[PDB]
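>>> this one's experimental. Sequence and coordinates below.
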Amino acid sequence: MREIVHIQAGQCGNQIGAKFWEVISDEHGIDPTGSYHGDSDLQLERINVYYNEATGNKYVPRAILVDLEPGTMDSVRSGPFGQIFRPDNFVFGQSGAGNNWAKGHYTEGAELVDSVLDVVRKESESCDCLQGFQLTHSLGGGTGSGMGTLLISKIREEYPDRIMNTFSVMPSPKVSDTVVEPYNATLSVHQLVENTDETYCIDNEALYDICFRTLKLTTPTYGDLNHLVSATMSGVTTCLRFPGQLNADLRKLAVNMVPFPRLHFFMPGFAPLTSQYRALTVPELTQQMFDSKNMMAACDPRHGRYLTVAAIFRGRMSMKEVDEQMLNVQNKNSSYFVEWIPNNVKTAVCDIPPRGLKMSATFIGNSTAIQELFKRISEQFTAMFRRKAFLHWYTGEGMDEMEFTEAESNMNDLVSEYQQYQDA
Amino acid sequence: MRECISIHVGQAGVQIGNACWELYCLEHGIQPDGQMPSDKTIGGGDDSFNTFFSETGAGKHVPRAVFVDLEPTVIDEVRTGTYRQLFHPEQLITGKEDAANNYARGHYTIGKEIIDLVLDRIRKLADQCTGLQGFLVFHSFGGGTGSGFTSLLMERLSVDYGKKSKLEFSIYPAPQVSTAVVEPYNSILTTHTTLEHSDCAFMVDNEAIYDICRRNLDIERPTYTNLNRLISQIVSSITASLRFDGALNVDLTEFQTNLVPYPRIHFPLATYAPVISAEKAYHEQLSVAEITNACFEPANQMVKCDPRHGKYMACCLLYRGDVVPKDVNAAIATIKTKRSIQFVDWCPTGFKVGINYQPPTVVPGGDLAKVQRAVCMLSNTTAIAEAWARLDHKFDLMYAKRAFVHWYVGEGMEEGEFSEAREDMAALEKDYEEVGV
Amino acid sequence: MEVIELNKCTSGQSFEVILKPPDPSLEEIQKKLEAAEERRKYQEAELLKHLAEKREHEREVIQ
Amino acid sequence: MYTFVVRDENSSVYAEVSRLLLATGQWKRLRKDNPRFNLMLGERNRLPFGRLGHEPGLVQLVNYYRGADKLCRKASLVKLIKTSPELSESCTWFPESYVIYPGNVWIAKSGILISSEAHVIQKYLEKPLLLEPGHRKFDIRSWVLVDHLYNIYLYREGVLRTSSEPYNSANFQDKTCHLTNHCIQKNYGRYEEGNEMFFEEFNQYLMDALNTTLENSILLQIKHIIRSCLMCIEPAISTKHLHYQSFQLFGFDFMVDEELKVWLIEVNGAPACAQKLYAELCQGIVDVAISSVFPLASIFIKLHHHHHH
Ligand SMILES: Nc1nc2c(ncn2[C@@H]2O[C@H](COP(=O)(O)OP(=O)(O)OP(=O)(O)O)[C@@H](O)[C@H]2O)c(=O)[nH]1
Ligand SMILES: Nc1ncnc2c1ncn2[C@@H]1O[C@H](COP(=O)(O)OP(=O)(O)CP(=O)(O)O)[C@@H](O)[C@H]1O
Ligand SMILES: Nc1nc2c(ncn2[C@@H]2O[C@H](COP(=O)(O)OP(=O)(O)O)[C@@H](O)[C@H]2O)c(=O)[nH]1
Ligand SMILES: CC(C)(C)c1[nH]cnc1/C=c1\[nH]c(=O)/c(=C/c2ccccc2)[nH]c1=O
Ligand SMILES: [Ca+2]
Ligand SMILES: [Ca+2]
Ligand SMILES: [Mg+2]
Ligand SMILES: [Mg+2]
């Protein structure tokens, strides 16, 4: 188990996805045309996880770029690292999906899905040992939401034993393109509860607040939100992309993070938050990454309890001080970690720091406080659905009101299930 | 002589194998290429070291070892490492996809597709033996391969080699050096399925070895390399009577007879002194009395527990270096009057002493200092049940909520095997208390 | 305190000191390995049955 | 900020210790089954000593000494005294006791039988010291705190648990003159409040009636017995060098005879304090046994004697 297949779907999926390849290619010393110009052998030791090797010693990302319109995928190709991607892996339709889950999942996206799966099969075939898939998308649009979850369902049919993880951007009125986002997200969440092993719940509410409150940016663009996303995505993928004596693949990580199959929605976090000169001390990283302000999903961890925690520190620091600090927050806030999973906070350290920072920490939290996120989308859903508002857009594409009722019920069951373990 | 085959299953098994065979080679004077100059009968022999090493016509000395791991990366470091020529490639077996810390994946799913191959490569070594004793099995309690595949092997080895003795060298899980959260399940599951198939098992709690490395070697954050080199010194201590001339513990059957009167209670406590740092400038060498007396301090035990609240069924003192019988007897006399050493009524209060005059060998550039004399005490005390109670309590907390259980069931395993395994452990804890109180 | 069965040699010596006197078959294994594989293949059938129903709903919506 | 747990609700003593810790701002109480504690205030039966001292980055202390039950159960206390050389069969300060499983007056105990016909069968003290005016029996309770370092701290205030009935040689069946327990009495409170005479008054009585002091006539012998009993079991129970540490409060029950000789009756593992003295003793347990191990932002006398020979 070494190779991971990456897929990016829709405007948002391709935007944050393109930043992921901008960040990690710099970390692996791969230039905009695909040639290696690093210095450490550690940059090439596990380069196979995300790159295929081409003729002339070129490194081509194992990345499939999906959208139902050309727009954003034309921007990706024109953008700074656009030339590195394999041209066959740009699979796109023309009419778009108009922020419509039904168009992505059932009509427009159905017409395109089989040609995307052919490229996935192409990449999966020439993989010595495929460990799984990762997907970037939003749940608020049409393509990433509707087609992304369709692809996830088709990939599970063809590759039932491989890991499926997602980086799933959640919608919020604060950063809102259309009023139907709660509908699109609720329909997607039900798909993710069934068909993913992990979903990283990037909340655009939280990314905005981090940009506004704790980074003093008055008018945040999507680039400012995506900067925080790409830093986190680098962090969660670090332990696969480098050593250091950590013998773990996606399954091993998923086995230790997910005690219950449906409860695999994580709370990502990063320290320090950037947009510096004084490098942070190990106590500061530990306090910041556990701080609510640094959470990428707009939930208060004090309102829930941690099932599992994973923290991966980057940079040259004392592992003794890391162990001391990670044991300090557990033993001084022991009510917020479930007693019925002993030793649930685990830690790794990687020597290579990311670009610009001398040391950093990435936080992955399977907290029951994530119910707050699903409750917030459930309220926005019901507000519209009690009056069947905007439903004509979905019923015109052949959907039934029953499918909405089901999805509503399934997400409120997920919230009930998170509540069960919060009190136990 | 009678041959002994060592089996190393999983990461912890393989890497501890590495450390032991490195040390065995230095002790017997065998070199990385496999030549043993001091050996004069070229092509074969029935010496004591030949129990652990076979010979070829070219003069190579080849470990009777089988390395098994469900993924390649750890055994690949053996294939390209310092002792690469030492092993035949057929001894080093690897799968593609690991057990993901999942007992059920290692035992049932991935176990099934590799078990017949591994037994075949074991049979290739057993056919080179003029009179096989049996097996030394090295593994972790916490790994999926370590727990799951080991138990399937141990089941099959009882079928294919019913007359032969089986010893375990087991790594008991410690949260301070493990990233695996499901280890309590894996530990209880494998202990249940392996119990009837293992004749004598030496547990080593990673917690104890870790703090010994902190307290006595002045190592800030002990790596597996720090822990393994110290563990292999204990292992060597234990296996030295099989590899050298002597009259105590000369075969695998004698470990069972000396240390295990009650077959289910087959977990002797190792204690080891002295552990001294090579970086230490000034060291006053310890006497026979001081290192024998150190065998009853809990800080030197392989598993932290309290022998004073429990009872002994057997005790063995294995000395390495400048030691003579009368200095040992004087030390045992002083120690008996000071400390609380209570035996069970049916067993004699006594000590089986073994002395080898060669002092402990240390790996060059290692963490341990050279010492004039050392000792490993193997005692079967009911105090080691403390380790089961801890592991079982952790199990009960997780299992009450069915936490992580879906991963095991998803790989074909039945939920009933969890409580079935836990009941054997509930019976085991009860066996220890009947004997010890 | 009696020192019994003392045996000596050039590389060492050993003695005892007494302070005071007083499996399933190849059929059953290969059977229950396969029984878990039946549960593994039954669970994967129920998944591909469930996903087949999703595929027929996908056709029903577009029609 | 240190953390603790409470697993003995009946414990009146450690109910107050729990209260005093909380009222500092530097000790949080956790749930009964939380593993991540600094201090355990543990149960009486089946206290899981095997789970202590195995949590990384936590110094763990407990309020019981594992193996101290060999001093506190009556059957084992008798067996300890006969078998241990440093106490011996010819022990001057322990009454002649025997073990048979389920002046020639004896007493049986573990329902108390005092007769010559008829668990442990102990020699009954026929001529005890009788307080006046009253002509009545008593027993002395002293509280001993052994810390993690095995410093034996005797608390300066004890108490005489008195009988209110005149002592009778011929009449054995009447329990209220022979047995001097607090519950059995409740003439309850005629001479002193709740059948409790404190050390100040008892010193004064001895001065006035016998021309001696409590320190000389009785307390010297008490300090010898406490020290003799605890140093005997130190190798069996000491938590020096051990991965968890123990302290414990003990209750030593004594009997003074007519010629001013002190006799050990029972050691008590989970003893209750007298009503007046809770506040001081429970603050002392915190200062000496808990705050020494876990420092924040004398009422005892230390028992030590190194005579060279
Ligand atoms: N002493 C020691 N313990 C180890 C070593 N490697 C792993 N462990 C411990 O073993 C447990 C994890 O099991 P592993 O042996 O890594 O797992 P595995 O047998 O390879 O099984 P899978 O990873 O599931 O295929 C943890 O308790 C680790 O601390 C080692 O080299 N030495
Ligand atoms: N050998 C003896 N001689 C005289 N009186 C004795 C005696 N043995 C016991 N007693 C009396 O019996 C009373 C109660 O007996 P004992 O002290 O053995 O049990 P106990 O359990 O009530 C003490 P506690 O509950 O405080 O630990 C004592 O207060 C004492 O006065
Ligand atoms: N964080 C982030 N969110 C985005 C971005 N672009 C769109 N979104 C969010 O995604 C939703 C719209 O989906 P979009 O991806 O544009 O539609 P699609 O192209 O049909 O998948 C809204 O909730 C937006 O807030 C982006 O670049 N970054
Ligand atoms: C010991 C440590 C810190 C390595 C750990 N223990 C459990 N989890 C992790 C970390 C991760 N756990 C994950 O599940 C994880 C998911 C992931 C990785 C790559 C791509 C997508 C998801 N990434 C991680 O870094
Ligand atoms: Ca069309
Ligand atoms: Ca030879
Ligand atoms: Mg858009
Ligand atoms: Mg492994």
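Structure's in. What do you need? Residues are numbered from 1 along each chain as shown, chains lettered A, B, ... in the order given. Ligands and ions are numbered 1, 2, ... in the order given.
>>> now do the same contact list for residue B:223.
For residue B:223, the contact set (C-beta atoms under 8 Å, 6 or more residues apart in numbering or on different chains) comprises residue A:245. Quick note: C-beta positions are derived from backbone N, CA and C, even for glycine.
>>> distance of it from chain C?
Counting by C-beta to the nearest C-beta, to the nearest Å, the gap from residue B:223 to chain C is 34 Å.
>>> can you check residue D:27 too?
From residue D:27 to chain C the distance is 48 Å (C-beta to the nearest C-beta).
>>> now do the contacts for that residue.
Residues in contact with residue D:27, defined by C-beta under 8 Å, 6+ apart, are D:1, D:2, D:3, D:4, D:21, D:39.
>>> just those residues: which are in helices?
Under the assignment DSSP state H, the contacts of residue D:27 contribute residue D:21 to helices.
>>> start to end distance for stretch B:98-105?
The straight-line separation of the ends of stretch B:98-105 (C-alpha to C-alpha, to the nearest Å) is 8 Å.
>>> ok, the contacts of residue D:27 vs ligand 8, which is closest?
Ligand 8 has its nearest neighbour among the contacts of residue D:27 in residue D:3, at 35.6 Å by C-beta to the ion.
>>> show me what contacts the spatially closest residue to residue A:111 that is not a sequence neighbour?
Among residues not flanking residue A:111 along the chain, residue A:93 sits closest, at 6.8 Å (C-beta to C-beta, 6 or more residues apart in numbering or on different chains). Neighbouring residues of residue A:93 by C-beta under 8 Å, 6+ apart: A:67, A:68, A:69, A:108, A:109, A:111, A:112.
>>> residue A:326 too?
A:286, A:311, A:345, A:347.
>>> sec struct for it, please.
helix (DSSP: H, G, I helix; E, B strand; the rest coil).
>>> tell me where chain C has helices.
C:26-62.
>>> for chain B, give me its nearest residue in it.
Closest approach between chain C and chain B, counting by C-beta to the nearest C-beta: residue C:36, at 3.1 Å.
>>> tell me the one of the contacts of residue D:27 nearest chain C?
Chain C lies nearest to residue D:39 out of the contacts of residue D:27, by C-beta to the nearest C-beta, at 39.9 Å.
>>> what residues are up against the closest residue to that closest one other than its chain neighbours?
Among residues not flanking residue D:39 along the chain, residue D:4 sits closest, at 3.8 Å (C-beta to C-beta, 6+ apart). Residue D:4 sits next to D:18, D:21, D:27, D:28, D:29, D:30, D:37, D:38, D:39, D:40, D:41 when contact means C-beta under 8 Å, 6+ apart.
>>> now list the buried members of the residues you listed.
By neighbour count, with 16 or more other C-beta atoms under 10 Å in any protein chain shown, these hold D:18, D:21, D:27, D:28, D:29, D:30, D:37, D:38, D:39, D:40, D:41 as buried.
>>> circling back: quick check: beta-bridge partners of the residue nearest to residue D:39?
Counting by DSSP bridges, residue D:4 forms beta bridges with residue D:29, residue D:39.
>>> please enumerate the helices of the stretch 1-150 of chain B.
For the stretch 1-150 of chain B, applying DSSP state H, counting those that start in this stretch gives helices covering B:10-28, B:73-79, B:103-104, B:110-126, B:144, B:150-160.
>>> which among those is found nearest to ligand 3?
Closest to ligand 3 of those, according to C-beta to the nearest ligand atom: helix B:73-79, at 36.0 Å.
>>> residue B:407 contacts residue B:106, correct?
No - Residue B:407 is beyond contact range of residue B:106, at 11.9 Å (criterion: C-beta atoms under 8 Å).
>>> okay then, goodbye and thanks.
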